[PDB]
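Written out below as structure tokens is the structure these notes cover.
Number of protein chains: 4
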Amino acid sequence: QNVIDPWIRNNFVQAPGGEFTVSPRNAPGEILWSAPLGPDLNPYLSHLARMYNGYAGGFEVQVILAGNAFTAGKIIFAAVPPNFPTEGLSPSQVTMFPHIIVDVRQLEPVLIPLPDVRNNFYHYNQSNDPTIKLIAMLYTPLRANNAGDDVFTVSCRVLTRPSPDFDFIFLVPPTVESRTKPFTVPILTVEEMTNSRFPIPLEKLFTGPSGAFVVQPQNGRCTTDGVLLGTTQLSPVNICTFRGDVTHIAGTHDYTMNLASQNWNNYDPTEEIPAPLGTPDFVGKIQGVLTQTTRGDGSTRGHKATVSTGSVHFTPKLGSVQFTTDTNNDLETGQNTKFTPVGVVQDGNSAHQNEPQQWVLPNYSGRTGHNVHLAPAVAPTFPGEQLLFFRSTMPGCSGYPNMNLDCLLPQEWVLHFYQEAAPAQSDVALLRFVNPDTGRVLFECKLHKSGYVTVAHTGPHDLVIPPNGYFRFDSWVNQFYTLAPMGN
Amino acid sequence: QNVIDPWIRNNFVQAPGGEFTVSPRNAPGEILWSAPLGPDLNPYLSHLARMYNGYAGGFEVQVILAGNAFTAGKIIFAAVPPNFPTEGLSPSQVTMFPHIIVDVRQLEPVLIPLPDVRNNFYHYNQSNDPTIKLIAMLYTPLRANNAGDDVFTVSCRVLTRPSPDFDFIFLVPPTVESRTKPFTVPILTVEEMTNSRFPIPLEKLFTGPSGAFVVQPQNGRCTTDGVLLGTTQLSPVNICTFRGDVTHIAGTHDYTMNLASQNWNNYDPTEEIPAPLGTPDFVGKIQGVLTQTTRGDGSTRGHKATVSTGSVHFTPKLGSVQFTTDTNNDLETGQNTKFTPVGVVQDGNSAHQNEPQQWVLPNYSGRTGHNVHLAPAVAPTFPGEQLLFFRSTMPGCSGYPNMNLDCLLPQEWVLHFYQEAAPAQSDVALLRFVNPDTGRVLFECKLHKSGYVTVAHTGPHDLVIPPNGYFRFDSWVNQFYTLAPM
Amino acid sequence: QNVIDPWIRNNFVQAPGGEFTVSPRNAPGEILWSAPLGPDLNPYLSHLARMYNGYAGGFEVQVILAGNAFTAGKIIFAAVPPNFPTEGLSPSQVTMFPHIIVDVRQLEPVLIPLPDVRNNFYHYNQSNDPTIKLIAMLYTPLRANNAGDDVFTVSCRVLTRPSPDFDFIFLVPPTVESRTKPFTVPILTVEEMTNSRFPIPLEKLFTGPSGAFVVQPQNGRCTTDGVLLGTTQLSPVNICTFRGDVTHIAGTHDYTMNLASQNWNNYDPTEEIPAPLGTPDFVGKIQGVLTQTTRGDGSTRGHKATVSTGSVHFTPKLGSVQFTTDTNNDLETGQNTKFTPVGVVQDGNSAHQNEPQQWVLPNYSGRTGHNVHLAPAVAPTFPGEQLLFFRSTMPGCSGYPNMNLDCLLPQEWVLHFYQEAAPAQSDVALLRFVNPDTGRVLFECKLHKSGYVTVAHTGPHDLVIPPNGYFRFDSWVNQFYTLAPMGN
Amino acid sequence: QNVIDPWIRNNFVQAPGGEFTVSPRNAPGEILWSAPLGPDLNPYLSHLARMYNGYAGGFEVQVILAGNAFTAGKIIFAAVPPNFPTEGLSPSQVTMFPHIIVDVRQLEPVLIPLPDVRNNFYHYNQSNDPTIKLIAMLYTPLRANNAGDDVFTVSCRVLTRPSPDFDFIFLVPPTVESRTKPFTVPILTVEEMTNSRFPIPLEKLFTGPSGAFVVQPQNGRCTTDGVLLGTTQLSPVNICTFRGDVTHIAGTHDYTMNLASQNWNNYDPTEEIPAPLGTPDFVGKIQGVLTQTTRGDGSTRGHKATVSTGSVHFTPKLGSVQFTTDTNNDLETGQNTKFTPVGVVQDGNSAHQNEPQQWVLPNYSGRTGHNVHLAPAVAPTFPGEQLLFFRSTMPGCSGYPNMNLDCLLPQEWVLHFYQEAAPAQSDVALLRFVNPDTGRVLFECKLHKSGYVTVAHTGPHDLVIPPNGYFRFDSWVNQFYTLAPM
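Have a look at this one:
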């Protein structure tokens, strides 16, 4: 026995994840929108549910469309019982459920009740018990090609309010570990982020085709659930830093370095990670400073050094890496050393701007086997959109190296995702870039659960954005969302 | 006219910052506890007010003072008018107000009503209009008449419940830009957090005396409510790096560098910042690599270099610095150049492990002028309390440099504080280091809102830490809170 | 306890500042219209409020749109509580307030109540106490490109009426200093105005690009609040008149004149004004008549004289100016003199029509320092509009001087703004040019608070207007107003 | 309930400044009297309210007119709502307010209720909320015969008492909050106070016209509520001193001195003060003694030194002054140095009593720009009002300096105003000079909030006063009030 604010029961508010779009590309029978019946579909009820433990009641749902007077077609909303398969439901059969048919040209909203049916007294918030699922799908083919141009997108909005019999059961403190925390995105500006695959600051955003080359980086990969994938660290200082023992090679200036750990501990080759944490993810020659710190005397004399990834002597998985330097005598093998990255360089004997091939993965285990336990590849699926890369440039020292560098997620985003561990309600979350000076939205992008960002645009392009813009999270949408044109 | 859950109105719960302590170290007349009336006195109300815009009504507060039978003392509770300042209030002037005096040995809880005294219908949640304030003061010093070498610190609890006439007025969504986002600390363990004064991962914690030197670092300073001070900046990489234009000085290997802005622009000398963001704040010689990109052919040139922060020419504020290298050529004067530090070096002729001088601030304007806009100095304010430093080992390249480096706050903590502008309800936040696999508490530390951490210990001591330990926030306490010894 | 006319409570009238427009350029999340709850949003109530001191009640607001049947989208109106930030409000969150969603294709009006919430008994008219703010913003993206051409602008209109509980408190006389006087614009015709930067009558209006040169005049600058900026006087006779002592330079015809004041008082170089009041604002050679009036004998013999602004001998700030004349002996240094402007002349040794460069500001302090305390620069911000200049021509005497002259505001407008001192309710006021013969409006222009006029047009153009047209003030609008095309 | 003494509730007392006069020279429309409503109108209530927190209730005002049956003329009393400007009110408009018309022929007093109008339950003492005003204006001019050379002027007095609804709210300790602290002027005699612009004891008082020059002093400027203006300080021994480092100028007998703070710390030129505290604010030639605290051979130093306030090198704002001495080279750089003034001298190539022009401010910035953040200029505005200067004689070592130095406020007065930050209840305070030997009043003067004193006199005149006379504070009034001729 409990009561909520009387205003909530007498007004309609937008459901956090209740936005969807229809385009002529969508055919009848495809599922457009789906939502379980829970307190999370009403912002006030979602906020209150963090204070209580059990909901018990139905809803009233209101649908608003936005269509021009040229477009024609019908959209059917229906309620599906607690344990009923929804795969293969033809548009004819779905009418047998309680349903409403809404014309696209309908100015007014349409109402529908959602009475809760169950065999239990009440549900639990930290449980997955099936409930009535509200679905919305196309009824007749949509025809809007005549109107305007491009692909006329008709928008939808879903509002909800609680039924008079809705009530909560038990009162509990709102705790951090509740597993009900809403998903959020850091409000940091794009220019202050840190590149996840090299210690350099971000500068811009990029869009372009990805069909000409395979995208599968092992750095900057982290799902929205806070699970780290591939070979990703938290600290942006140990991105490409090696620490361990060093041995001189007589007759030349090359050195062989055996990696120990990030904490100067014994290396574990039995781990399922593809390569030791903090290894480079690109084929190229990297120039930096190697520093040896003798414990007794502090003989800290730095030396210029280079490492050429992708060569036959680069086997980080086995625990051996080759360094090329200028002095072959001024190093003592009895003390551990570390390597600090500085930049990349290009072999002048090859074509200009060719040495750094970010996409190509170097052979971590040399000639003894092919790399294993790699992060899954990333590629867009919905036609008409391209990946969004966070683009920066590393400094150069010699040759003409390729300045371009792209990372899927900034280091701050990875850190925040790891810290939050917020459960994902779907596979795709919708993010809008917002200018805080006026509040206008510049463009929309979809953040997939696998840890990448997609935006609807064709051809290479450099996004033009104000220096103070930031990303904001709005809702969870399914893969059928027709993303609005970017246009910047 | 909204309704609260009837369970809240009939039961007592503990306020977030609702515990204090009485210790023999406390002098008489000190403000032991202070709290303004409002939703913050009850966690349920402090969470429900996020959805509302106003409130009106009083409270009922119980105080639990279950002290030992061998102690003696008197504590006074008084109510302060809305507009009445309490900066220099004394016990007699406290007794002028409506007062209740209770023993430290009291067994029954002390019950106090707090009616809301106001000149309007209701208060605004987003505003800061003063209201009735409750203060608990140590009327009589605590003394113990027990045999044995023991200290009977008395821990006292405060519970609150809303009065029957408490109600909210208007309903608003719980957006970001509001009195929301209760304060929290990242759950990251010590190992992954990176240093704020230099790009080096942490390895240990330390506590020790600080009376022999002035502790006033400029990097890694941030108040707990999301304000950056001095030269603290978000990016863990741009911590001690420089970028700008380089010019060769004829007859010597030294180079004169004109500083650029953060990304590409020119530095503004009129900014209310002591130095360009990411300027080192310790006197010593820093070794690094100068990198230049030539637009003529795309070639990248990298050369070893050393910068003397203690030199006269080291004037980041004026926009001109001096670099020392070994090659006096192979550098163009019309291209942007970056400086990436690698480590710290020292002169072997000088005293070993005494040149870095981690607690000495180099002059940002050279001989002429002085440092102007600095962060406030940090020093403990309670007897028996020492600062807590996050210690890392900055690498060296020659000789025996003092590799021991200390930072007040890790870069992750300042990044989190800036990202989440959580308001502070008091001056001190209690943080307990806990072991998740065991459930015990290793030690208790106070996090001052100015951005530093204090503990109760005497003499130098290297902290012992489980690998999985992390900091957990518990309550809000004032400056006069006494900590349980390690 | 008081009563108002029963007709007001039973009818809707237009709110003085209640007009706004929506265009496809506007994106969701941007604030379109905002209005505090006060008596000033109802003309009858605004008139009555000048007679009373305290309002106390709510309103009923009605919204009318004007959209074709091709346009599609939604607009949301909401009420914001007395002390709630409105920055960053996403379109999803704003629905949590009391709200109404209006479709652009809605023929009928939509109603919404505005009940007043407050902690005081009643508000004060001469106070800034926060109240409920009504906001109106886009809900879904607007799509009208298919319909017609250009950028289809959909118009809006807001009507208001008082709630049954609205009542006034105290009765006071309507005084001039009330600080509640409505803003007004002089009804004088364009052809009888006086140029604010030279004593010549106005002749026409001009529009054109301003990106090729910097616009920052120091004359004719006066904000709508009656605060004088830069170096502006009230009397149009002392626009470029110098008065003070004169000293002959031996060996040539040049004279050095020390300015005293406009009232023949001691000069004050410690003033924060950039230059003495009434100095020229352009680089050029000015020809006029210098007259000396001896007190005892009235030796009033005029002499032709020229002054070359921008030269090294032109330092009005220090208090010294150089005059070039034809007679180097017929002047007595013991008597003060004045200079009367006549026209401008051009050096024939240079290119034709080049000497007068109105935009360029001469160095007021010669070589000793750069000019200080300048008026802020003026430049349009909303893309698609250009500044409106009041254009005239000065007479010429020698050479081929540039006849064109532009002033931002006429002298009569500056005088009226200084006299009225009417407070501004926003940063932009909307002015329509009206032909009084028939009452039709010719074009619309926006008068910014900084003291300049902007009109939507591209390319250089000379406006064609009837000789008897005059400007009229209608309302205050925000910077998001989409100005209608000028087209004349 | 918070009962007030019945004698207060059943008797009338005079308002602090509720007396005015109506003369035949007055024309219709002039505001004769104006006063806000509040506890201040009754001294008993104004002192009793210091122990309470809030008040609520109206007043009853009695008007007493001194006239006979051979005069004509009418006065109008009106009650202005709280937030309504009264400047520029036409004589016709005032009748639209609730008004009462009184004849100067009346003998009985006039009773006027004055209820409190507000939008909240009650007012706070520290809120300073606007309240209902009461204004008395001349409606119909005064027509009466004159007794020879004396013009017949009617007098009027105003008395107030609390309404039965007047009551206080909550009780607070009397002496912790300074917001309600009454204003008070020191009672030291004239011969004992100290001049503020130079460490010299005061000599006498001077009056005279000031329209021939700009009176803009920079020392001794302080508002009556305890706010310092310009470069005025507290210590009277640092009025014209310089502290800092010294460096000899080769080829001459001159020294460039770099200023330091009064604590021998660094001085920041960015401060929004016209000059470092203790900088002289008058053009002239100052002779003094220069003493340095030197190490090594000895600290015994000191020589006659001269400072040119009019020199182009005199840049106290930038931190550099020029000193002229008689020794070629005897000081060294790197030791703390102070300059002690002893007098003012003259140049033999200028007019007598022309160098120490006390009303001409030296250019604090030298020649690079103009002085900034100056103290507001002071000049009388009402007819027949002249400034009252505290005049002292300046000793001279050579030449014939203009020994007359004038100060608007002595150093003790500014020190007292800074110490006791008593808020001002109106725009001017009425001060009369009282001789305690006989109890008579020599003259009455107005003390403006800006920190200056005005008297009603015409032409130069040196005041003759008994040694024991001193100033006494009477009441706060507004500018409308007039003073009888001295």
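Residue numbers (the entry's author numbering), protein chains in the order written: chain A, 45 to 532; chain B, 1045 to 1530; chain A', 45 to 532; chain C, 2045 to 2530. A prime marks a further copy of an entry chain. Each residue gets a CB set at the ideal place from its N, CA and C atoms; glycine is no exception.
- Here B/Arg-1339 carries a coil assignment [DSSP, helix/strand/coil].
- Inter-residue distance for A/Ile-156 and B/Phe-1212 is about 32 Å (C-alpha atoms, whole angstroms).
- Inter-residue distance for A'/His-167 and A'/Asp-173 is about 7 Å (C-alpha atoms, whole angstroms).
- Less than 8 Å divides the Cβ of B/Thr-1275 from the Cβ of B/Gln-1262.
- For A/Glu-488, DSSP records a beta bridge to A/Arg-476.
- Excluding its 5 nearest sequence neighbours in each direction, A/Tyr-462 has C-beta neighbours in its own chain below 8 Å: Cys-266, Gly-270, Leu-272, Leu-278, listed in chain order.
- For C/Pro-2218, there is no enclosing alpha helix (DSSP H), since its DSSP letter is neither H nor E.
- Within chain A, the residues whose beta carbon sits less than 7 Å from that of B/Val-1333 are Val-333, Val-386, listed in sequence order.
- Ranking C/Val-2198, C/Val-2057, C/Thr-2384 by CA distance to the CA of C/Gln-2150 puts C/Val-2198 first.
- When only Cα atoms are considered, C/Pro-2087 and C/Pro-2060 end up about 7 Å apart.
- The three-state secondary structure of A/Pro-50, taken from DSSP, is helix.
- Taking the C-beta atoms as reference points, A/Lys-225 is found no nearer than 8 Å to A/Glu-63.
- Not a single CB atom of chain B sits nearer than 8 Å to the CB of C/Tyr-2299.
- With a threshold of 8 Å between beta carbons, A'/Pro-217 makes contact with chain C.
- Using a CB distance cut-off of 8 Å, A'/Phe-212 does not count as an interface residue toward chain C.
- Close to A'/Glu-131, with beta-carbon spacing below 8 Å, are these residues of chain B in chain order: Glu-1221.
- For A'/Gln-137, the chain B residues whose Cβ falls inside 7 Å of its Cβ are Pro-1217, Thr-1219, in order along the chain.
- At a cut-off of 8 Å between C-beta atoms, A'/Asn-163 counts as an interface residue with respect to chain B.
- Annotation: Cβ neighbours of B/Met-1140 in chain C (cutoff 7 Å, chain order): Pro-2217.
- The Cβ atoms of B/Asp-1049 and B/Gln-1469 lie no closer than 8 Å to each other.
- Under the Cβ distance rule, B/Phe-1128 counts among the residues neighbouring chain C, one pair being separated by less than 8 Å.
- Contacts between A'/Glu-74 and chain A, judged by CB atoms closer than 7 Å, involve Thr-482, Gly-483, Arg-484 in chain order.
- Of all residues in the segment 2412 to 2439 of chain C, only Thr-2412, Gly-2413, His-2414, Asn-2415, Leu-2418 come within less than 9 Å of chain A' when Cβ atoms are compared, listed by chain position.
- B/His-1347: member of the beta strand (DSSP E) spanning 1344 to 1352, first to last residue.
- By the Cβ neighbour-count rule, A/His-91 is buried, with 16 or more other Cβ atoms within 10 Å of its own.
- Interface annotation, A'/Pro-125: in contact with chain B, CB-CB separation under 8 Å.
- If only complete runs of 3 or more residues are kept, the segment 177 to 210 of chain A' shows the beta strand (DSSP E) at 177 to 182, 198 to 206, in order along the chain.
- For C/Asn-2097, a Cβ of chain B is located within less than 8 Å of the residue's own Cβ.
- B/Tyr-1444 belongs to the set of residues whose beta carbon lies under 8 Å from a beta carbon in chain A.
- Looking at the DSSP output, A'/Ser-519 shares a beta bridge with A'/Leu-474.
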